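The structure appears below as C-alpha cells.
The analysis underlying the following values was restricted to heavy atoms, covering all of them including side chains, and did not include hydrogens, waters or symmetry mates. Residue numbers count from 1 along this sequence.
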Amino acid sequence: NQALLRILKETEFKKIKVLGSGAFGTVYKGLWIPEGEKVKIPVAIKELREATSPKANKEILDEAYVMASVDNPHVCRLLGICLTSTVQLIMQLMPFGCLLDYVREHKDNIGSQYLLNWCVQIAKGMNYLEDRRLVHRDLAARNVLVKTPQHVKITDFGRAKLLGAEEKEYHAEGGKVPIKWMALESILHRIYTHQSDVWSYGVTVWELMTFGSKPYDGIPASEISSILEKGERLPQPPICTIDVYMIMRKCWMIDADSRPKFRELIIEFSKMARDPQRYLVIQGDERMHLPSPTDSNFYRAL
Ligand SMILES: *CCC(=O)Nc1cccc(Oc2nc(Nc3ccc(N4CCN(C)CC4)cc3)nc3[nH]ccc23)c1
C-alpha cells in the first residue's frame with residue numbers, strides 16, 4: 001500500500017556477503033526475516049561509513065522517513081533501517097546488478113525494444129524524483145540497477161539532495177565529482193538542478209546506445225569543461241537514428257532552460273519504444289533474445 005519505513009532489530013536480518021563498497025560504505029547481499037512474520041526476503045544492506053561527526057539518531061530517522069517515502073517502480077526503494085553503532089539501510093535487492101555491466105555483458109543480445117524501454121523507465125523514475133523535489137546528482141548507467149532484464153531502477157548512494165519549496169538549485173561543496181556525466185554549470189560552479197540531472201540522463205542514454213562505452217574515453221576530466229565550451233559533444237552512436245541523437249543533444253545544451261524536461265523525455269521515448277526498429281538500427285535485432293518468463297511457452301532456451 002503506502003511506503004513506510006520499517007525499523008529493524010539486528011535479530012531480524014543477516015548480511016550474507018559483500019557485493020561492493022565505496023566512499024559511502026559497504027553494500028551486502030542479505031536476508032530479512034521480519035519478526036513474527038514467517039517470511040524470508042532477499043535484500044541489499046548498505047552499512048554506511050562512520051562519519052567524523054555522526055548525526056543524532058533523530059536526525060537519521062528523519063532523513064530515512066523521507067527516503068522511505070520514495071515509492072516508484074523505477075527507483076530502488078528503502079525498505080527499512082537498523083540503527084546501532086552503525087547505520088544499516090535495508091534496500092530492495094536488484095538481482096542482476098548494475099545496468100552498465102549488464103549491457104556490456106549481454107550486448108550481443110540486446111535489441112532496440114530493451115534499450116528504448118530502459119530509456120523510458122529511467123525517465124519515469126527521474127520525473128518522479130523531480131516531483132519529490134529530489135535532485136539525484138549522480139545519474140549514470142552504473143547507478144541504474146536491474147530487477148529483471150525487463151525492469152530497471154535508479155539507485156542513490158548518498159549524493160541525492162532534497163530541495164525546499166522555494167529552492168530551484170543545490171549549491172554543492174568540494175569533493176570528487178563525476179565530471180564526464182555533469183552539466184557545465186555543475187562542473188564550473190557546483191550548481192545542481194533538475195535540469196543538470198537531464199544532462200546526466202543524456203549521457204546515460206548515450207552509454208546504453210553504445211552498449212556501455214566510456215564517454216570521452218581517454219580524455220582527462222580536467223579538459224572536459226573546455227571541450228564542452230567549444231561546442232563539442234558525445235558523438236552519434238552508430239545504432240541511433242538522427243531523431244534519437246537529437247533528443248540526446250538537446251540534453252546537453254549550455255542553456256539549462258533549453259534542455260528537455262523529464263516529462264517530455266517520457267513522451268518522446270515512449271513514442272519510440274512503441275516502434276523500436278524505426279528509431280534504432282541494430283543488426284539482427286528481430287532475432288535477439290534475453291531471458292524472459294515466457295521462454296518455456298515459446299520453447300526458447302532448449
Ligand atoms: C556497475 C555498478 C555496480 O557494479 N554496482 C553495484 C555493485 C555492487 C552492489 C551495488 O549495490 C546494489 N546491488 C544490488 N544487487 C546486485 C549487485 C551485484 C550483483 N552481481 C552481478 C553479477 N556480477 C558478476 C557480480 C555482481 C548482483 C546483484 N542491489 C542493490 N539494491 C540497492 C543497492 C544495491 C551496486
Inset, instruction - Measure from NZ or CZ of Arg137 to the centre of the six-membered ring of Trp181, then state whether that distance is under 6.0 Å and the direction lies within 45° of the axis. - result: no

Legend entry - Closest contact, heavy atoms only, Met67 versus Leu78: CB-CD2, 4.2 Å

Inset, instruction - Mark yes when over 12 heavy atoms from residues, nucleotides or ligands other than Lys271 sit less than 6.0 Å from its NZ; otherwise mark no. - result: yes

Inset, instruction - Flag the pair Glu35 and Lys9 as a salt bridge only when some basic side-chain nitrogen lies within less than 4.0 angstrom of an acidic carboxylate oxygen. - result: yes

Inset, instruction - State plainly whether the residues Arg6 and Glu37 are in salt-bridge range, i.e. N to O under 4.0 Å. - result: yes

Inset, instruction - Run the ring-centre check on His151 versus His74 and record whether the distance is less than 6.0 Å. - result: yes

Inset, instruction - Apply side-chain hydrogen bond (donor to acceptor under 3.5 Å, both in side chains) to the pair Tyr114 and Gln150, showing each step before the final yes or no. - result: CA-CA 7 Å; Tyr114 277 80; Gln150 294 80 209; 2.8 Å; yes

Inset, instruction - Start with the C-alpha gap between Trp252 and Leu184, add the side-chain angles, then the distance that decides, and say whether side-chain contact (heavy atoms from CB on, under 4.5 Å) holds. - result: CA-CA 9 Å; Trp252 308 322; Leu184 188 62; over 6 Å; no

Inset, instruction - Inspect the surroundings of CZ in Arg278 and state if more than 12 heavy atoms from other residues, nucleotides or ligands are less than 6.0 Å away. - result: no

Legend entry - Cationic tip of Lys46 above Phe157 ring, under 6.0 Å, 45° of axis: yes

Inset, instruction - Would you mind reporting whether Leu280 and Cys240 have side-chain heavy atoms less than 4.5 Å apart? - result: yes

Inset, instruction - Could you tell me whether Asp255 and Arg259 have a side-chain N and a carboxylate O separated by less than 4.0 Å? - result: no

Legend entry - Main-chain N/O of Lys29 paired with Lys15 side-chain donor or acceptor, under 3.5 Å: no

Inset, instruction - Take the angle between the ring planes of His106 and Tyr102 and call it parallel below 30°, perpendicular above 60°, tilted in between. - result: parallel

Legend entry - For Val27 against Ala44, the heavy-atom pair lying closest together: CG2-CB, 4.3 Å

Inset, instruction - Report, as yes or no, whether the 6.0 Å neighbourhood of atom NZ on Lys153 holds more than 12 heavy atoms from other residues, nucleotides or ligands. - result: yes

Inset, instruction - For residues 37-60, pull every pair meeting ring pair (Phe, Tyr, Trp, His ring centres under 6.0 Å), keeping only residues two or more places apart or in separate chains. - result: none

Legend entry - Heavy atoms of other groups near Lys107 NZ, more than 12 under 6.0 Å: yes

Legend entry - Candidate list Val244, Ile282, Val281, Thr210, test side chain to side chain contact (heavy atoms under 4.5 Å, CB included), partner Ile239, passing option: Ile282

